[PDB]
$ cat structure_0.pdb   # PDB, C-alpha atoms and all ligand atoms
MODEL        1
ATOM      1  CA  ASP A  55      -2.475 -17.293  -0.087  1.00  0.00           C
ATOM      2  CA  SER A  56      -4.784 -18.891  -2.681  1.00  0.00           C
ATOM      3  CA  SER A  57      -7.617 -16.474  -3.565  1.00  0.00           C
ATOM      4  CA  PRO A  58      -7.132 -15.480  -7.237  1.00  0.00           C
ATOM      5  CA  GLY A  59      -7.350 -11.769  -6.435  1.00  0.00           C
ATOM      6  CA  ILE A  60      -4.251 -11.677  -4.161  1.00  0.00           C
ATOM      7  CA  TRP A  61      -1.011 -10.039  -5.266  1.00  0.00           C
ATOM      8  CA  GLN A  62       2.138  -9.424  -3.212  1.00  0.00           C
ATOM      9  CA  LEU A  63       4.366  -6.393  -3.864  1.00  0.00           C
ATOM     10  CA  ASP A  64       7.956  -5.933  -2.627  1.00  0.00           C
ATOM     11  CA  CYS A  65      11.094  -4.083  -3.485  1.00  0.00           C
ATOM     12  CA  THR A  66      14.471  -5.437  -4.061  1.00  0.00           C
ATOM     13  CA  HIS A  67      17.777  -3.839  -5.075  1.00  0.00           C
ATOM     14  CA  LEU A  68      20.321  -4.543  -7.801  1.00  0.00           C
ATOM     15  CA  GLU A  69      23.094  -2.397  -9.346  1.00  0.00           C
ATOM     16  CA  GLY A  70      22.090   0.510  -7.137  1.00  0.00           C
ATOM     17  CA  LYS A  71      18.590   0.482  -8.637  1.00  0.00           C
ATOM     18  CA  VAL A  72      15.211  -0.537  -7.238  1.00  0.00           C
ATOM     19  CA  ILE A  73      13.142  -3.394  -8.663  1.00  0.00           C
ATOM     20  CA  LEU A  74       9.459  -3.613  -7.736  1.00  0.00           C
ATOM     21  CA  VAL A  75       8.212  -7.204  -7.924  1.00  0.00           C
ATOM     22  CA  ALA A  76       4.542  -8.199  -7.846  1.00  0.00           C
ATOM     23  CA  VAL A  77       3.604 -11.875  -7.547  1.00  0.00           C
ATOM     24  CA  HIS A  78       0.183 -13.329  -8.244  1.00  0.00           C
ATOM     25  CA  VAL A  79       0.186 -15.689  -5.288  1.00  0.00           C
ATOM     26  CA  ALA A  80      -2.129 -18.387  -6.641  1.00  0.00           C
ATOM     27  CA  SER A  81      -0.230 -18.853  -9.900  1.00  0.00           C
ATOM     28  CA  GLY A  82       3.341 -17.733  -9.303  1.00  0.00           C
ATOM     29  CA  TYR A  83       3.087 -15.264 -12.209  1.00  0.00           C
ATOM     30  CA  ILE A  84       5.318 -12.182 -11.817  1.00  0.00           C
ATOM     31  CA  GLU A  85       5.231  -8.537 -12.832  1.00  0.00           C
ATOM     32  CA  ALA A  86       8.397  -6.546 -12.213  1.00  0.00           C
ATOM     33  CA  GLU A  87       9.993  -3.267 -13.251  1.00  0.00           C
ATOM     34  CA  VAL A  88      12.916  -1.083 -12.312  1.00  0.00           C
ATOM     35  CA  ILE A  89      11.527   2.028 -10.658  1.00  0.00           C
ATOM     36  CA  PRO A  90      13.403   5.320 -10.230  1.00  0.00           C
ATOM     37  CA  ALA A  91      12.885   5.551  -6.483  1.00  0.00           C
ATOM     38  CA  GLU A  92      11.679   3.397  -3.602  1.00  0.00           C
ATOM     39  CA  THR A  93       8.668   5.560  -2.799  1.00  0.00           C
ATOM     40  CA  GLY A  94       4.967   5.422  -2.083  1.00  0.00           C
ATOM     41  CA  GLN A  95       4.336   7.437  -5.245  1.00  0.00           C
ATOM     42  CA  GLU A  96       6.013   4.799  -7.407  1.00  0.00           C
ATOM     43  CA  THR A  97       4.289   1.992  -5.495  1.00  0.00           C
ATOM     44  CA  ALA A  98       0.922   3.666  -6.072  1.00  0.00           C
ATOM     45  CA  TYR A  99       1.592   4.163  -9.766  1.00  0.00           C
ATOM     46  CA  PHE A 100       2.572   0.511 -10.131  1.00  0.00           C
ATOM     47  CA  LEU A 101      -0.597  -0.609  -8.340  1.00  0.00           C
ATOM     48  CA  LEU A 102      -2.748   1.461 -10.717  1.00  0.00           C
ATOM     49  CA  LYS A 103      -0.985  -0.058 -13.719  1.00  0.00           C
ATOM     50  CA  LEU A 104      -1.306  -3.582 -12.323  1.00  0.00           C
ATOM     51  CA  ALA A 105      -4.973  -3.216 -11.490  1.00  0.00           C
ATOM     52  CA  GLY A 106      -5.802  -2.065 -15.012  1.00  0.00           C
ATOM     53  CA  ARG A 107      -4.359  -5.281 -16.423  1.00  0.00           C
ATOM     54  CA  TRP A 108      -5.374  -7.973 -13.885  1.00  0.00           C
ATOM     55  CA  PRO A 109      -8.224  -8.253 -11.370  1.00  0.00           C
ATOM     56  CA  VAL A 110      -6.478  -7.048  -8.220  1.00  0.00           C
ATOM     57  CA  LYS A 111      -8.674  -7.525  -5.157  1.00  0.00           C
ATOM     58  CA  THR A 112      -6.194  -7.528  -2.254  1.00  0.00           C
ATOM     59  CA  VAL A 113      -2.495  -6.776  -1.936  1.00  0.00           C
ATOM     60  CA  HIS A 114       0.130  -7.975   0.503  1.00  0.00           C
ATOM     61  CA  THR A 115       3.765  -7.038   1.103  1.00  0.00           C
ATOM     62  CA  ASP A 116       6.609  -8.296   3.267  1.00  0.00           C
ATOM     63  CA  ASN A 117       7.269  -4.689   4.394  1.00  0.00           C
ATOM     64  CA  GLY A 118       4.015  -3.406   5.827  1.00  0.00           C
ATOM     65  CA  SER A 119       5.237   0.192   6.094  1.00  0.00           C
ATOM     66  CA  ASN A 120       5.094   0.283   2.286  1.00  0.00           C
ATOM     67  CA  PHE A 121       1.318   0.583   2.494  1.00  0.00           C
ATOM     68  CA  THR A 122       1.201   3.540   4.930  1.00  0.00           C
ATOM     69  CA  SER A 123       1.778   6.054   2.117  1.00  0.00           C
ATOM     70  CA  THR A 124      -1.254   8.256   1.545  1.00  0.00           C
ATOM     71  CA  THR A 125      -0.580   8.123  -2.209  1.00  0.00           C
ATOM     72  CA  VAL A 126      -0.670   4.324  -2.027  1.00  0.00           C
ATOM     73  CA  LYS A 127      -3.903   4.466  -0.028  1.00  0.00           C
ATOM     74  CA  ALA A 128      -5.409   6.811  -2.622  1.00  0.00           C
ATOM     75  CA  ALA A 129      -4.488   4.402  -5.419  1.00  0.00           C
ATOM     76  CA  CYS A 130      -6.055   1.649  -3.448  1.00  0.00           C
ATOM     77  CA  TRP A 131      -9.125   3.531  -2.969  1.00  0.00           C
ATOM     78  CA  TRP A 132      -9.449   4.607  -6.563  1.00  0.00           C
ATOM     79  CA  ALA A 133      -8.913   1.082  -7.927  1.00  0.00           C
ATOM     80  CA  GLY A 134     -11.061  -0.659  -5.316  1.00  0.00           C
ATOM     81  CA  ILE A 135      -8.160  -2.586  -3.797  1.00  0.00           C
ATOM     82  CA  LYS A 136      -8.109  -3.753  -0.187  1.00  0.00           C
ATOM     83  CA  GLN A 137      -5.196  -4.919   1.913  1.00  0.00           C
ATOM     84  CA  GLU A 138      -4.716  -8.676   2.286  1.00  0.00           C
ATOM     85  CA  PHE A 139      -4.640  -9.971   5.877  1.00  0.00           C
ATOM     86  CA  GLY A 140      -4.718 -13.750   5.390  1.00  0.00           C
ATOM     87  CA  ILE A 141      -0.969 -14.167   4.744  1.00  0.00           C
ATOM     88  CA  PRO A 142       1.251 -14.297   7.872  1.00  0.00           C
ATOM     89  CA  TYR A 143       4.814 -13.011   7.880  1.00  0.00           C
ATOM     90  CA  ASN A 144       7.767 -15.435   7.704  1.00  0.00           C
ATOM     91  CA  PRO A 145      10.730 -13.826   9.536  1.00  0.00           C
ATOM     92  CA  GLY A 149       9.017 -17.676   2.471  1.00  0.00           C
ATOM     93  CA  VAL A 150       7.647 -18.631  -0.951  1.00  0.00           C
ATOM     94  CA  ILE A 151       7.432 -15.081  -2.319  1.00  0.00           C
ATOM     95  CA  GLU A 152      10.850 -14.104  -0.962  1.00  0.00           C
ATOM     96  CA  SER A 153      12.337 -17.163  -2.664  1.00  0.00           C
ATOM     97  CA  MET A 154      10.668 -16.332  -5.985  1.00  0.00           C
ATOM     98  CA  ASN A 155      12.199 -12.870  -5.679  1.00  0.00           C
ATOM     99  CA  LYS A 156      15.594 -14.520  -5.186  1.00  0.00           C
ATOM    100  CA  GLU A 157      14.986 -16.794  -8.169  1.00  0.00           C
ATOM    101  CA  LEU A 158      14.054 -13.787 -10.297  1.00  0.00           C
ATOM    102  CA  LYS A 159      17.367 -12.165  -9.343  1.00  0.00           C
ATOM    103  CA  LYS A 160      19.188 -15.318 -10.433  1.00  0.00           C
ATOM    104  CA  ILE A 161      17.522 -15.222 -13.856  1.00  0.00           C
ATOM    105  CA  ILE A 162      18.363 -11.516 -14.171  1.00  0.00           C
ATOM    106  CA  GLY A 163      22.028 -12.304 -13.599  1.00  0.00           C
ATOM    107  CA  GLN A 164      21.909 -14.993 -16.275  1.00  0.00           C
ATOM    108  CA  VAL A 165      20.601 -12.587 -18.965  1.00  0.00           C
ATOM    109  CA  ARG A 166      22.175  -9.364 -17.724  1.00  0.00           C
ATOM    110  CA  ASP A 167      24.947  -9.167 -20.318  1.00  0.00           C
ATOM    111  CA  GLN A 168      22.448  -9.563 -23.188  1.00  0.00           C
ATOM    112  CA  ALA A 169      21.024  -6.072 -22.676  1.00  0.00           C
ATOM    113  CA  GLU A 170      22.564  -2.659 -22.159  1.00  0.00           C
ATOM    114  CA  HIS A 171      20.270  -1.577 -19.334  1.00  0.00           C
ATOM    115  CA  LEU A 172      19.102  -3.411 -16.235  1.00  0.00           C
ATOM    116  CA  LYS A 173      15.489  -2.480 -16.982  1.00  0.00           C
ATOM    117  CA  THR A 174      15.623  -4.594 -20.154  1.00  0.00           C
ATOM    118  CA  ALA A 175      17.274  -7.542 -18.385  1.00  0.00           C
ATOM    119  CA  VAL A 176      14.513  -7.451 -15.776  1.00  0.00           C
ATOM    120  CA  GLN A 177      11.865  -7.748 -18.496  1.00  0.00           C
ATOM    121  CA  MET A 178      13.792 -10.579 -20.108  1.00  0.00           C
ATOM    122  CA  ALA A 179      13.820 -12.360 -16.739  1.00  0.00           C
ATOM    123  CA  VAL A 180      10.087 -11.799 -16.241  1.00  0.00           C
ATOM    124  CA  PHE A 181       9.491 -13.320 -19.693  1.00  0.00           C
ATOM    125  CA  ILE A 182      11.644 -16.347 -18.862  1.00  0.00           C
ATOM    126  CA  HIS A 183       9.933 -16.774 -15.504  1.00  0.00           C
ATOM    127  CA  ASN A 184       6.382 -16.505 -16.816  1.00  0.00           C
ATOM    128  CA  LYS A 185       6.630 -18.123 -20.254  1.00  0.00           C
ATOM    129  CA  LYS A 186       9.670 -20.377 -20.588  1.00  0.00           C
ATOM    130  CA  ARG A 187       9.807 -22.033 -17.169  1.00  0.00           C
ATOM    131  CA  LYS A 188       7.312 -24.853 -16.880  1.00  0.00           C
ATOM    132  CA  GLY A 189       6.460 -26.555 -13.588  1.00  0.00           C
ATOM    133  CA  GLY A 192       0.693 -30.266 -15.185  1.00  0.00           C
ATOM    134  CA  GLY A 193       3.779 -28.660 -16.684  1.00  0.00           C
ATOM    135  CA  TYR A 194       2.165 -25.328 -17.518  1.00  0.00           C
ATOM    136  CA  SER A 195       3.847 -21.955 -17.335  1.00  0.00           C
ATOM    137  CA  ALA A 196       2.906 -19.315 -14.782  1.00  0.00           C
ATOM    138  CA  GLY A 197       1.371 -17.271 -17.586  1.00  0.00           C
ATOM    139  CA  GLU A 198      -0.843 -20.188 -18.542  1.00  0.00           C
ATOM    140  CA  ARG A 199      -1.740 -20.779 -14.889  1.00  0.00           C
ATOM    141  CA  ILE A 200      -2.790 -17.197 -14.131  1.00  0.00           C
ATOM    142  CA  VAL A 201      -5.111 -16.978 -17.140  1.00  0.00           C
ATOM    143  CA  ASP A 202      -6.652 -20.360 -16.306  1.00  0.00           C
ATOM    144  CA  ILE A 203      -7.145 -19.399 -12.653  1.00  0.00           C
ATOM    145  CA  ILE A 204      -8.714 -16.033 -13.511  1.00  0.00           C
ATOM    146  CA  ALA A 205     -10.912 -17.354 -16.325  1.00  0.00           C
ATOM    147  CA  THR A 206     -12.264 -20.086 -14.065  1.00  0.00           C
ATOM    148  CA  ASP A 207     -13.120 -17.441 -11.450  1.00  0.00           C
TER
HETATM  149  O1  LIG B   1       7.097   7.554  -0.055  1.00  0.00           O
HETATM  150  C1  LIG B   1       6.700   8.031   1.043  1.00  0.00           C
HETATM  151  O2  LIG B   1       6.726   9.253   1.282  1.00  0.00           O
HETATM  152  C2  LIG B   1       6.073   7.146   2.088  1.00  0.00           C
HETATM  153  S1  LIG B   1       5.288   7.667   3.354  1.00  0.00           S
HETATM  154  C3  LIG B   1       4.766   6.387   4.084  1.00  0.00           C
HETATM  155  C4  LIG B   1       5.236   5.232   3.343  1.00  0.00           C
HETATM  156  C5  LIG B   1       6.032   5.708   2.076  1.00  0.00           C
HETATM  157  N1  LIG B   1       6.663   4.742   1.210  1.00  0.00           N
HETATM  158  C6  LIG B   1       8.007   4.813   0.793  1.00  0.00           C
HETATM  159  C7  LIG B   1       8.276   3.669   0.049  1.00  0.00           C
HETATM  160  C8  LIG B   1       7.089   2.881   0.014  1.00  0.00           C
HETATM  161  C9  LIG B   1       6.098   3.542   0.743  1.00  0.00           C
HETATM  162  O1  LIG B   2      19.492  -4.836 -26.129  1.00  0.00           O
HETATM  163  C1  LIG B   2      18.902  -3.921 -25.488  1.00  0.00           C
HETATM  164  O2  LIG B   2      19.480  -3.200 -24.631  1.00  0.00           O
HETATM  165  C2  LIG B   2      17.437  -3.638 -25.746  1.00  0.00           C
HETATM  166  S1  LIG B   2      16.808  -2.207 -25.471  1.00  0.00           S
HETATM  167  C3  LIG B   2      15.313  -2.348 -25.860  1.00  0.00           C
HETATM  168  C4  LIG B   2      15.076  -3.729 -26.244  1.00  0.00           C
HETATM  169  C5  LIG B   2      16.433  -4.562 -26.182  1.00  0.00           C
HETATM  170  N1  LIG B   2      16.507  -5.978 -26.512  1.00  0.00           N
HETATM  171  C6  LIG B   2      17.034  -7.024 -25.708  1.00  0.00           C
HETATM  172  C7  LIG B   2      16.859  -8.235 -26.382  1.00  0.00           C
HETATM  173  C8  LIG B   2      16.229  -7.960 -27.616  1.00  0.00           C
HETATM  174  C9  LIG B   2      16.000  -6.575 -27.695  1.00  0.00           C
ENDMDL
END

$ encode --input "structure_0.pdb" --output "structure tokens"
Amino acid sequence: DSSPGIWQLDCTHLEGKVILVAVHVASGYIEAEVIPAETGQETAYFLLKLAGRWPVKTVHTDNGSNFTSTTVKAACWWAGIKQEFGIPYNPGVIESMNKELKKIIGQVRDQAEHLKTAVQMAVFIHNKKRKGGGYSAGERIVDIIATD
């Protein structure tokens, strides 16, 4: 829950659509997108995209069955990603950040036609505008990774 290579991926639902949320656990930085279907294929695609942008070493999820997809495992394999086992399940920080992201989405929803755009507005607010040495999550992730 503190190595700089750990990301957590989960799905949540809004307006009948699926939002995939990835959290960089050490910093609190978020990546999220609306995806057309809650599937292993979309999970795998997202992992490939994420790993090309950030150094992804291990991945966790609050729904372990997500990672039983052979397409997910192939994306893993190709990108050199392993599964994270040092984070126990809380039947939660990451769950709460997901709930906070949904709150931000609601606050900006009427400023965009499509949910996908509101989600990106909320990610921007979460990573860049929120501050909590009073840096943003975007500042924290780059500092953590650069130091590593
Ligand atoms: O998409 C699939 O066909 C399979 S099969 C085993 C797990 C998954 N999955 C679905 C959502 C996230 C992962
Ligand atoms: O208003 C919209 O629905 C779209 S669609 C693509 C970008 C935007 N947007 C949102 C804020 C500023 C621009």

$ resolve_selection --input "structure_0.pdb" --expression "the PyMOL selection byres (((chain A and resi 157) around 12) and not hetatm)" --output "PyMOL selection string"
chain A and resi 75+82+84+150-156+158-164+179-180+182-183+187

$ closest_residue --input "structure_0.pdb" --among "A:126, A:178, A:204, A:169" --to "ligand LIG 2 (chain B)" --atoms "only C-alpha atoms and all ligand atoms"
A:169

$ residues_near_ligand --input "structure_0.pdb" --ligand "ligand LIG 1 (chain B)" --cutoff "8 Å" --atoms "only C-alpha atoms and all ligand atoms" --output "list in words"
residues 92, 93, 94, 95, 96, 97, 119, 120, 121, 122, 123, 124, 125 and 126 of chain A

$ atom_distance --input "structure_0.pdb" --atom1 "atom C9 of ligand LIG 2 (chain B)" --atom2 "CA of residue 174 in chain A"
7.8 Å

$ resolve_selection --input "structure_0.pdb" --expression "the PyMOL selection byres (((not hetatm)) within 10 of (chain B and resi 2))" --output "PyMOL selection string"
chain A and resi 165-175+177-178

$ resolve_selection --input "structure_0.pdb" --expression "the PyMOL selection byres (((chain A and resi 105-114) around 7) and not hetatm)" --output "PDB file with C-alpha atoms, keeping the file's coordinate frame"
ATOM      1  CA  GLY A  59      -7.350 -11.769  -6.435  1.00  0.00           C
ATOM      2  CA  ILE A  60      -4.251 -11.677  -4.161  1.00  0.00           C
ATOM      3  CA  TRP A  61      -1.011 -10.039  -5.266  1.00  0.00           C
ATOM      4  CA  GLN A  62       2.138  -9.424  -3.212  1.00  0.00           C
ATOM      5  CA  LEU A  63       4.366  -6.393  -3.864  1.00  0.00           C
ATOM      6  CA  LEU A 101      -0.597  -0.609  -8.340  1.00  0.00           C
ATOM      7  CA  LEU A 102      -2.748   1.461 -10.717  1.00  0.00           C
ATOM      8  CA  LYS A 103      -0.985  -0.058 -13.719  1.00  0.00           C
ATOM      9  CA  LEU A 104      -1.306  -3.582 -12.323  1.00  0.00           C
ATOM     10  CA  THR A 115       3.765  -7.038   1.103  1.00  0.00           C
ATOM     11  CA  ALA A 133      -8.913   1.082  -7.927  1.00  0.00           C
ATOM     12  CA  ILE A 135      -8.160  -2.586  -3.797  1.00  0.00           C
ATOM     13  CA  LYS A 136      -8.109  -3.753  -0.187  1.00  0.00           C
ATOM     14  CA  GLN A 137      -5.196  -4.919   1.913  1.00  0.00           C
ATOM     15  CA  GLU A 138      -4.716  -8.676   2.286  1.00  0.00           C
TER      16      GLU A 138
END

$ closest_residue --input "structure_0.pdb" --among "A:83, A:132, A:194, A:143" --to "residue 98 in chain A" --atoms "only C-alpha atoms"
A:132

$ closest_residue --input "structure_0.pdb" --among "A:176, A:188, A:141, A:128" --to "residue 66 in chain A" --atoms "only C-alpha atoms"
A:176

$ atom_distance --input "structure_0.pdb" --atom1 "CA of residue 116 in chain A" --atom2 "CA of residue 139 in chain A"
11.7 Å

$ atom_distance --input "structure_0.pdb" --atom1 "CA of residue 127 in chain A" --atom2 "CA of residue 100 in chain A"
12.6 Å

$ residues_near_point --input "structure_0.pdb" --point "(16.2, 1.4, -1.5)" --cutoff "10 Å" --atoms "only C-alpha atoms" --output "number ranges by chain"
A: 65-68, 70-73, 90-93

$ decode --input "structure_0.pdb" --residues "range 124-156 of chain A" --atoms "N, CA and C atoms" --output "mmCIF file, in the first residue's frame"
data_model
loop_
_atom_site.group_PDB
_atom_site.id
_atom_site.type_symbol
_atom_site.label_atom_id
_atom_site.label_comp_id
_atom_site.auth_asym_id
_atom_site.auth_seq_id
_atom_site.Cartn_x
_atom_site.Cartn_y
_atom_site.Cartn_z
ATOM 1 N N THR A 124 -8.378 -14.090 -19.259
ATOM 2 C CA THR A 124 -7.135 -14.435 -19.940
ATOM 3 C C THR A 124 -6.610 -13.244 -20.724
ATOM 4 N N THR A 125 -7.502 -12.382 -21.228
ATOM 5 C CA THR A 125 -7.059 -11.162 -21.901
ATOM 6 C C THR A 125 -6.346 -10.227 -20.937
ATOM 7 N N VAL A 126 -6.860 -10.108 -19.710
ATOM 8 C CA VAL A 126 -6.164 -9.331 -18.688
ATOM 9 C C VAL A 126 -4.798 -9.945 -18.416
ATOM 10 N N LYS A 127 -4.740 -11.275 -18.237
ATOM 11 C CA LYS A 127 -3.468 -11.908 -17.936
ATOM 12 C C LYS A 127 -2.478 -11.696 -19.073
ATOM 13 N N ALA A 128 -2.962 -11.687 -20.311
ATOM 14 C CA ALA A 128 -2.068 -11.476 -21.449
ATOM 15 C C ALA A 128 -1.537 -10.051 -21.451
ATOM 16 N N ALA A 129 -2.371 -9.085 -21.102
ATOM 17 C CA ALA A 129 -1.900 -7.704 -20.981
ATOM 18 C C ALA A 129 -0.857 -7.518 -19.862
ATOM 19 N N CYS A 130 -1.076 -8.105 -18.675
ATOM 20 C CA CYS A 130 -0.152 -8.270 -17.734
ATOM 21 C C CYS A 130 1.100 -8.667 -18.145
ATOM 22 N N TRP A 131 1.055 -9.830 -18.764
ATOM 23 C CA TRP A 131 2.281 -10.497 -19.256
ATOM 24 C C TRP A 131 3.064 -9.601 -20.188
ATOM 25 N N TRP A 132 2.352 -9.048 -21.167
ATOM 26 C CA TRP A 132 3.016 -8.266 -22.198
ATOM 27 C C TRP A 132 3.683 -7.037 -21.603
ATOM 28 N N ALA A 133 3.031 -6.392 -20.634
ATOM 29 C CA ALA A 133 3.536 -5.163 -20.034
ATOM 30 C C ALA A 133 4.430 -5.404 -18.831
ATOM 31 N N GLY A 134 4.626 -6.655 -18.425
ATOM 32 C CA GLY A 134 5.497 -6.939 -17.302
ATOM 33 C C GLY A 134 4.897 -6.599 -15.958
ATOM 34 N N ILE A 135 3.592 -6.684 -15.837
ATOM 35 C CA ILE A 135 2.866 -6.341 -14.627
ATOM 36 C C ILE A 135 2.593 -7.612 -13.844
ATOM 37 N N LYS A 136 2.778 -7.540 -12.532
ATOM 38 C CA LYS A 136 2.410 -8.614 -11.622
ATOM 39 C C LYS A 136 1.233 -8.181 -10.763
ATOM 40 N N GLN A 137 0.612 -9.158 -10.119
ATOM 41 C CA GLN A 137 -0.508 -8.880 -9.241
ATOM 42 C C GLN A 137 0.033 -8.508 -7.868
ATOM 43 N N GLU A 138 -0.602 -7.525 -7.233
ATOM 44 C CA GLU A 138 -0.203 -7.068 -5.908
ATOM 45 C C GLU A 138 -0.887 -7.921 -4.847
ATOM 46 N N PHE A 139 -0.106 -8.427 -3.887
ATOM 47 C CA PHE A 139 -0.651 -9.250 -2.808
ATOM 48 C C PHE A 139 -0.470 -8.644 -1.419
ATOM 49 N N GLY A 140 0.137 -7.471 -1.298
ATOM 50 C CA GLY A 140 0.352 -6.888 0.011
ATOM 51 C C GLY A 140 -0.764 -6.011 0.537
ATOM 52 N N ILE A 141 -1.913 -5.965 -0.132
ATOM 53 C CA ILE A 141 -3.026 -5.112 0.291
ATOM 54 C C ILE A 141 -4.199 -6.005 0.691
ATOM 55 N N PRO A 142 -4.571 -6.087 1.966
ATOM 56 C CA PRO A 142 -5.700 -6.942 2.348
ATOM 57 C C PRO A 142 -7.037 -6.281 2.029
ATOM 58 N N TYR A 143 -8.070 -7.111 1.954
ATOM 59 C CA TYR A 143 -9.398 -6.640 1.586
ATOM 60 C C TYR A 143 -10.127 -6.105 2.816
ATOM 61 N N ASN A 144 -10.844 -4.988 2.645
ATOM 62 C CA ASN A 144 -11.656 -4.405 3.714
ATOM 63 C C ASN A 144 -13.132 -4.629 3.408
ATOM 64 N N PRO A 145 -13.768 -5.671 3.965
ATOM 65 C CA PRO A 145 -15.188 -5.904 3.671
ATOM 66 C C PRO A 145 -16.112 -4.944 4.420
ATOM 67 N N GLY A 149 -12.412 1.493 3.711
ATOM 68 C CA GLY A 149 -11.390 1.328 2.693
ATOM 69 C C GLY A 149 -11.013 2.641 2.027
ATOM 70 N N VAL A 150 -9.713 2.953 2.023
ATOM 71 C CA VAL A 150 -9.236 4.202 1.429
ATOM 72 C C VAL A 150 -9.666 4.301 -0.032
ATOM 73 N N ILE A 151 -9.334 3.287 -0.834
ATOM 74 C CA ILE A 151 -9.565 3.372 -2.275
ATOM 75 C C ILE A 151 -11.058 3.434 -2.573
ATOM 76 N N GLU A 152 -11.859 2.636 -1.867
ATOM 77 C CA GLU A 152 -13.305 2.712 -2.033
ATOM 78 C C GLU A 152 -13.818 4.118 -1.727
ATOM 79 N N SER A 153 -13.264 4.764 -0.702
ATOM 80 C CA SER A 153 -13.736 6.104 -0.365
ATOM 81 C C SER A 153 -13.324 7.113 -1.432
ATOM 82 N N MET A 154 -12.116 6.976 -1.981
ATOM 83 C CA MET A 154 -11.709 7.872 -3.062
ATOM 84 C C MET A 154 -12.600 7.692 -4.283
ATOM 85 N N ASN A 155 -12.992 6.454 -4.577
ATOM 86 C CA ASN A 155 -13.999 6.226 -5.605
ATOM 87 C C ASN A 155 -15.286 6.982 -5.290
ATOM 88 N N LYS A 156 -15.750 6.925 -4.040
ATOM 89 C CA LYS A 156 -16.976 7.639 -3.697
ATOM 90 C C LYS A 156 -16.779 9.146 -3.813
#
